[PDB]
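Trainee: Here you go, one structure.
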Amino acid sequence: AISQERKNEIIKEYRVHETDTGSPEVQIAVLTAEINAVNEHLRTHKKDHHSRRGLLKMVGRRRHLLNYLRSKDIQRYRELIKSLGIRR
Amino acid sequence: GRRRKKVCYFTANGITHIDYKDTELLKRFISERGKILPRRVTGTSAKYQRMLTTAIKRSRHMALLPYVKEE
Amino acid sequence: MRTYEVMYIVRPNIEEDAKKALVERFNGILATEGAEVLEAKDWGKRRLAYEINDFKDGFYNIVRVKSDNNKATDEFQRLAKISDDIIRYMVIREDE
Amino acid sequence: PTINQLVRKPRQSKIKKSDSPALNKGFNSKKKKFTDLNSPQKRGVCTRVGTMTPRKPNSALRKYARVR
Amino acid sequence: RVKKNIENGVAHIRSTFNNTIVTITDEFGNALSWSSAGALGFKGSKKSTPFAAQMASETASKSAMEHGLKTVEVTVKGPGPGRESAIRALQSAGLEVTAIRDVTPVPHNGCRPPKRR
RNA sequence: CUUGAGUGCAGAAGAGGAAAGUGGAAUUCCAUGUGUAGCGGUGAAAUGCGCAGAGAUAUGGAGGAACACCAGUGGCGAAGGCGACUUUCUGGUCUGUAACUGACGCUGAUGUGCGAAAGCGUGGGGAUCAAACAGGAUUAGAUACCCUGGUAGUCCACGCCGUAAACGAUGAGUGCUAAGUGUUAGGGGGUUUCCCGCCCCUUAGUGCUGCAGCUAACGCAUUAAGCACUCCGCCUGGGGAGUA
């Protein structure tokens, strides 16, 4: 859907400190999983407008988080985009 | 204001109910004509008012309530 | 991942025990998909608030299931219209 | 407007058009080239003369003529 | 079959703006007898005069009691000004109507009817 | 560094979306049964329906239609619009939250999606409704309208459609600023049995009166049309002509 289960599952790893709430690496992992799920929904919901707008904003915000991870960091970004395979 | 109706009848209920388990509370929720005693003259908050109304309208669709009731 | 309830009105005209086998087989075809079935219960005899075809009486059955969008609501929404001894249904979220 | 869109724009005025189409000789008598001559006067002939009538009460009969 | 003799039928009352078609029925039910206000001389702008409804009710009620009947309900549909007066003169006309039922069953946002007027 | 942003936990939150199914009263049509004599629209009616049953009835369905109340400044939305029920698998709502990387933010040319209705291409439906229409009043003429029926299409599939009063002709976000005074969800404190009962503080919106302010006036006025800020578009008399 997702809920905090898979969220925490995929944040178990990229946390600079395991208590962090910025450092979007784990967060962009969550966003990746969630946009995948909503795209499955979109393939299920062929016509609408909510999935379109939601994917627009979500993927854009995650893109900007990556851009930050490319400006704030230089290796974490790439290592994500090769591991996560998103926003390369 | 505003123009809702009496509350605190939930002294033995709340916050969310029922949906259907007491036909008698629904007897007092809205009118008996099939028409709906409005939130203006029912009272509970639009969250609970809306949920109770969709409960009763389902009961209508559930045949637990008549969609329209005759006399 | 979600939760989903369901009501439905099994009818008085049909045989009570054959319909009982039918509704327990419903409990099967609902729960066997990983559906967190909680309880199914029979209202018993009652005057319908309004009949649909000829059914002055009828029985009700309610289920609670804590499950995603694709275990019971998907499958039985179709297995309900094929269900002919029964007049109607109402699947809902599992919150009451 | 915002400073940036002000920059990427000229804030154009509402410059008028001379309601007197006074295109004087300019390049009329060579190449027939249209030329905005603003001359206060050109020489030329009224090939026809006429007289439209005004309405009442002031029946001040005004006379016209078509000119080149 | 013709006029199904019961002592408690339903007197179906329609009173349009250019007709008052009012009839006796049963709860079974079926139509037995009626009359139209336009049919009864009141015509044109008069096809639904209050006394047109009154006398059409007279016809229908009279036929109802010669069917053999004392009590009767009223299915009062066509919206008219004189149909209620018709009802009153029927109650006083030897009929024992006790269920005054002016019926205008609205559908549930039923399909858009002929609306223009 | 953090609150903004993030996201973090706890909740609260729903006509939001689109797919699917379920019901209902019933437009209309029609089955059956009864039943007239007229229905019929009017000034008269014509017509048009119709005596073999019209108009009407009661029993029965059909199709398609949008869903009787709620409904409200409820709400969702960014709008179009979004209300029968349900689910689909998601989009969004906020209270609190401070979880802590550490500005990650900003509106947004181009681009660009989404999107009343009609119309329409195609392929179906057509239940109404319905232009045109004609019968036909009316009157040489009668579509003029008052009829009767029916009518493209409305309605289903996608496109074309992308347009409107989509209007608040109030771009967005920011944060400040008397009040009274509600709401819609929150929360807290005390208050008391759940204070739910009260009050009050704000959370975030949506009120009415009104400080100041400002508007030609109108009025807003914490939700400013008051104060300011980055970012969009328009407007340039009328109209000519949204038309070429």
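Trainee: Of the residues in region E:68-86, how many are in contact with a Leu (Cβ under 9 Å, 6 or more places away or on another chain) and closer than 15 Å to residue E:53 by Cβ?
Mentor: Step one: filter region E:68-86 for residues in contact with a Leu (Cβ under 9 Å, 6 or more places away or on another chain), giving E:69-72, E:74.
If we keep only those that are closer than 15 Å to residue E:53 by Cβ as well, we get E:74.
Total meeting the criteria: 1.
Trainee: Right, another one. Can you work out which of the residues in region E:102-114 that are part of a loop (DSSP other than H, G, I, E, B) and more than 6 Å from RNA strand F (Cβ to nearest atom) is nearest to the other protein chains (Cβ to nearest Cβ)? So that I can check it myself, show each step before the final result.
Mentor: Filtering region E:102-114 down to residues part of a loop (DSSP other than H, G, I, E, B) leaves E:103-114.
With the extra rule that they be more than 6 Å from RNA strand F (Cβ to nearest atom), the set shrinks to E:103-104.
Numbers: E:103: 11, E:104: 13 Å.
Of everything passing the filter in region E:102-114, E:103 is nearest to the other protein chains (Cβ to nearest Cβ).
Trainee: Would you say residue A:4 is touching a residue at least 12 places away in the same chain (Cβ under 8 Å) and near RNA strand F (Cβ under 6 Å from one of its atoms)? Write out each step before concluding.
Mentor: Working: touching a residue at least 12 places away in the same chain (Cβ under 8 Å): no; near RNA strand F (Cβ under 6 Å from one of its atoms): yes.
Judged against the criteria, residue A:4 is not a match.
Trainee: Same structure again: Taking only region B:53-71 into account, find how many residues are within 22 Å of residue C:53 (Cβ to Cβ) and surrounded by 16 or more Cβ atoms within 10 Å (Cβ to Cβ).
Mentor: Residues that pass the stated criteria total 8.
Trainee: Oh, and also: Which residues, counting only those in region A:14-29, are more than 6 Å from RNA strand F (Cβ to nearest atom), touching a helix residue (DSSP H, G or I) at 6+ places or on another chain (Cβ under 7 Å) and either within 19 Å of residue C:70 (Cα to Cα) or of a type outside the set (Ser, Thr, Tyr) (or both)?
Mentor: If the condition is that a residue be more than 6 Å from RNA strand F (Cβ to nearest atom), touching a helix residue (DSSP H, G or I) at 6+ places or on another chain (Cβ under 7 Å) and either within 19 Å of residue C:70 (Cα to Cα) or of a type outside the set (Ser, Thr, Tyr) (or both), then A:15, A:25, A:26, A:28, A:29 are the ones that fit.
Trainee: Which ones in region C:56-78 are near RNA strand F (Cβ under 10 Å from one of its atoms) and among the aliphatic types (A, V, I, L, M)?
Mentor: Listed by number, the residues that qualify are C:65, C:72.
Trainee: Tell me which of these residue E:67 doesn't satisfy, since it passes every other one: (1) part of a helix (DSSP H, G or I); (2) under 13 Å from the mean Cα position of the chain (by Cα); (3) within 11 Å of RNA strand F (Cβ to nearest atom).
Mentor: Just one mismatch for residue E:67, condition (2).
Trainee: Can you list the strands (runs of 3 or more DSSP E) found entirely within chain C that contain at least 3 residues being away from chain B (no Cβ under 14 Å)? Before you say what the answer is, go through the steps one by one.
Mentor: Numbers: elements: C:4-10, C:37-42, C:59-65, C:86-93.
It comes to C:37-42.
Each row is one residue, and each column tells you yes or no for (1) surrounded by 11 or more Cβ atoms within 10 Å (Cβ to Cβ); (2) within 13 Å of the chain's Cα centre (by Cα).
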position	(1), (2)
A:14	yes, yes
A:40	no, no
A:46	no, no
A:51	yes, no
A:64	yes, yes
A:71	no, no
A:76	yes, no
A:81	yes, yes
A:86	yes, yes
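Trainee: Please verify whether residue D:5 is loosely packed, with under 10 Cβ neighbours inside 10 Å and more than 21 Å from the chain's Cα centre (by Cα), treating the condition exactly as stated. Steps first, please.
Mentor: Details: loosely packed, with under 10 Cβ neighbours inside 10 Å: yes; more than 21 Å from the chain's Cα centre (by Cα): yes.
Taking the combined requirement at face value, the residue satisfies it.
Trainee: Of E:80, E:41, which residue is assigned to a loop (DSSP other than H, G, I, E, B), surrounded by 20 or more Cβ atoms within 10 Å (Cβ to Cβ) and of a type outside the set (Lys, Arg)? So that I can check it myself, show each step before the final result.
Mentor: Details: E:41 fails: surrounded by 20 or more Cβ atoms within 10 Å (Cβ to Cβ).
Exactly one residue qualifies, and that residue is E:80.
Trainee: Name the pairs whose Cβ atoms lie under 7 Å apart, with the first residue in region B:24-36 and touching a residue at least 12 places away in the same chain (Cβ under 8 Å), the second more than 10 Å from RNA strand F (Cβ to nearest atom), and 6 or more positions between them or separate chains?
Mentor: Qualifying pairs under 7 Å: B:25/B:18.
Trainee: State the number of residues belonging to region B:17-48 that are surrounded by 12 or more Cβ atoms within 10 Å (Cβ to Cβ), near RNA strand F (Cβ under 6 Å from one of its atoms) and under 23 Å from residue B:66 (Cα atoms).
Mentor: Residues in region B:17-48 being surrounded by 12 or more Cβ atoms within 10 Å (Cβ to Cβ), near RNA strand F (Cβ under 6 Å from one of its atoms) and under 23 Å from residue B:66 (Cα atoms): 4 in total.
Here Cβ is always computed from backbone atoms with ideal geometry, including for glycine, and neighbour counts include all displayed protein chains. Throughout, read-outs are computed from the coordinates displayed, never taken from laboratory work.
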